[PDB]
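Note sheet for the following structure.
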Amino acid sequence: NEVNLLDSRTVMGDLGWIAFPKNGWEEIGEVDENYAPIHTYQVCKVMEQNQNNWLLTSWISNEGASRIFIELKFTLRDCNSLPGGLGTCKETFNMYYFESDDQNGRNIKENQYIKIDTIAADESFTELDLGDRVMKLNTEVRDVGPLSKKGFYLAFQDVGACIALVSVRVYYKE
């Protein structure tokens with residue numbers, strides 16, 4: 001019953017995502033047995049304050065569908081494990097979207113983003129070893145109502161959290 005419009009981890013080639021500002025969100029590459037990279041995205045600017053870091057996915061086709069589900073898998077640091085004095089540390093990030101036919105270009109400045117929700121992290125991790133921190137993945141799913149155009153973009157805004165977006169999946173349910 002499920003049909004993927006986007007699946008960040010199984011993509012062939014580059015996802016073609018953009019960050020604003022250009023520092024901030026980083027794209028990570030992990031190579032598999034066939035040297036094919038799995039891409040994820042992470043940001044961890046908990047040093048200072050006043051973070052507004054954006055990550056725009058490229059145009060996603062709805063494929064005539066009307067209601068879609070965004071499935072997110074991510075990790076996120078325990079803000080308590082970080083020193084209390086250095087700067088901002090949040091445990092939640094935001095997700096927006098905007099519908100469009102205009103396939104792809106120089107974007108963020110003039111688009112109205114529709115806030116979908118504030119994503120919170122069921123489980124944060126500390127420097128309790130990595131490798132066992134895929135164990136600390138949490139999953140959050142959200143669906144968005146009646147679509148107009150022939151496609152949409154998803155936008156993630158970080159305001160000072162320590163997160164790894166390990167999977168982003170969009171799909172309609174026919």
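Reckoned from all heavy atoms, side chains included, excluding hydrogens, waters and symmetry mates. The chain is numbered in sequence order, starting from 1.
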Q. Relative to each other, are the rings of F74 and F93 parallel, tilted or perpendicular (30° and 60° limits)?
A. perpendicular
Q.
Using salt bridge (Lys or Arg N to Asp or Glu O under 4.0 Å), reason through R169 and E71 one step at a time and then give a plain yes or no.
A. CA-CA 5 Å; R169 182 174 158 249; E71 189 204 85; 2.9 Å; yes
Q: Might you work through the side chain to side chain contact (heavy atoms under 4.5 Å, CB included) test for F156 and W25, ending with a clear yes or no?
A: CA-CA 10 Å; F156 310 101; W25 288 97; 4.2 Å; yes
Q.
Please check: side-chain N/O of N104 versus main-chain N/O of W59, any donor-acceptor pairing under 3.5 Å?
A. yes
Q) Taking the side chain from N4 and the backbone from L6, do they hold a donor-acceptor pair closer than 3.5 Å? A) no
(Q) Check this for me, if you would: do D143 and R67 make a salt bridge, where the nitrogen-to-carboxylate-oxygen distance has to be below 4.0 angstrom? (A) yes
Q: Using modelled atom types only, decide if a donor and an acceptor are shared between the side chain of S167 and the backbone of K73 within a distance under 3.5 Å.
A: no
Q: Mind listing the closest non-hydrogen atom pair of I70 and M95 along with its distance?
A: CG2-SD, 3.5 Å
Q: Taking atom CG of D14 as the centre, report whether more than 12 heavy atoms of other residues, nucleotides or ligands fall under 6.0 Å from it.
A: yes
Q: Decide yes or no on side chain to side chain contact (heavy atoms under 4.5 Å, CB included) for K173 and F69, but give the supporting numbers first.
A: CA-CA 8 Å; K173 276 177 164 190; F69 296 74; 3.4 Å; yes
Q | Shortest non-hydrogen contact between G16 and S58, atoms and distance | A | O-CB, 3.7 Å
Q. Between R133 and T75, which heavy-atom pair has the shortest distance, and what is it?
A. O-CG2, 3.7 Å
Q) Do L82 and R77 come close enough that some side-chain heavy atom pair is under 4.5 Å? A) yes
Q) Are the side chains of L165 and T40 in touch, meaning some heavy atoms are under 4.5 Å apart? A) no
Q) So how far is it from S124 OG to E91 CD, rounded to the nearest 0.5 Å? A) 5.0 Å
Q.
Count I, L, V, M, F, W, Y as connected when their side-chain heavy atoms are under 4.5 Å apart, and connections chain through other members. Are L55 and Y96 then in the same cluster?
A. no
Q) Any side-chain heavy-atom pair from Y41 and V168 closer than 4.5 angstrom? A) no
Q. Out of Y97, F98, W54, which one pairs with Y153 under the ring-ring contact (aromatic ring centres under 6.0 Å, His included) rule?
A. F98
Q: Return the minimal non-hydrogen interatomic distance between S81 and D78, and the atom names on each side.
A: OG-O, 2.7 Å
Q: Decide yes or no for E140 and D117: does some side-chain heavy atom of the first lie under 4.5 Å from some side-chain heavy atom of the second?
A: no
(Q) Could you report the tightest heavy-atom contact between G87 and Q49, atom names first, then the distance? (A) CA-NE2, 3.1 Å
Q) What are the two closest non-hydrogen atoms of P21 and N52, and how far apart are they? A) CD-O, 3.9 Å
Q.
I want to check something: taking the side chain as every heavy atom from C-beta on, are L76 and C162 in contact at a cut-off of under 4.5 Å?
A. no
Q. Side-chain heavy atoms under 4.5 angstrom apart, residues restricted to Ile, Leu, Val, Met, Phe, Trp, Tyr: same cluster for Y172 and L154?
A. yes
Q: Please answer: with hydrophobic residues joined when any side-chain heavy atoms are less than 4.5 Å apart, are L15 and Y171 in the same cluster?
A: no
Q. With distance as the sole test, does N111 use its side chain to make a donor-acceptor pair with the main-chain N or O of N107 at under 3.5 Å?
A. yes
Q) When you measure from the side chain of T92 to the backbone N and O of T118, does any donor-acceptor pair fall under 3.5 Å? A) no
Q. About how many Å separate CD1 of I38 and CZ of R9, when rounded to the nearest 0.5 Å?
A. 4.5 Å
Q | Common cluster, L5/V141, ILVMFWY with side-chain heavy-atom separation under 4.5 Å | A | no
Q) Is there a side-chain contact between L56 and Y113, using heavy atoms and a 4.5 Å cut-off? A) yes
Q) Do side-chain atoms of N34 reach the backbone of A36 as a donor and acceptor pair under 3.5 angstrom? A) no
Q. Do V11 and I28 belong to the same hydrophobic cluster, where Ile, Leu, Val, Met, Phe, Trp and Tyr are linked whenever their side-chain heavy atoms lie under 4.5 Å apart, directly or via other members?
A. no
Q | Side chains of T88 and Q51 in contact at under 4.5 Å (non-hydrogen atoms) | A | no
Q. Just one of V166, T139, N138, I119 clears the side-chain contact (heavy atoms from CB on, under 4.5 Å) bar with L72, so which one?
A. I119
Q) Going from CD on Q103 to OG on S61, what distance comes out if it is rounded to the nearest 0.5 angstrom? A) 9.0 Å
Q: Rounded to the nearest 0.5 Å, what's the gap from CG on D101 to CG on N62? Could you check?
A: 8.5 Å
Q) In Å and rounded to the nearest 0.5 Å, what is the CD1 to CD distance from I68 to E63? A) 11.0 Å
(Q) What I'd like to find out is whether the side chain of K149 reaches to under 4.5 Å of the side chain of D102, using heavy atoms alone. (A) yes
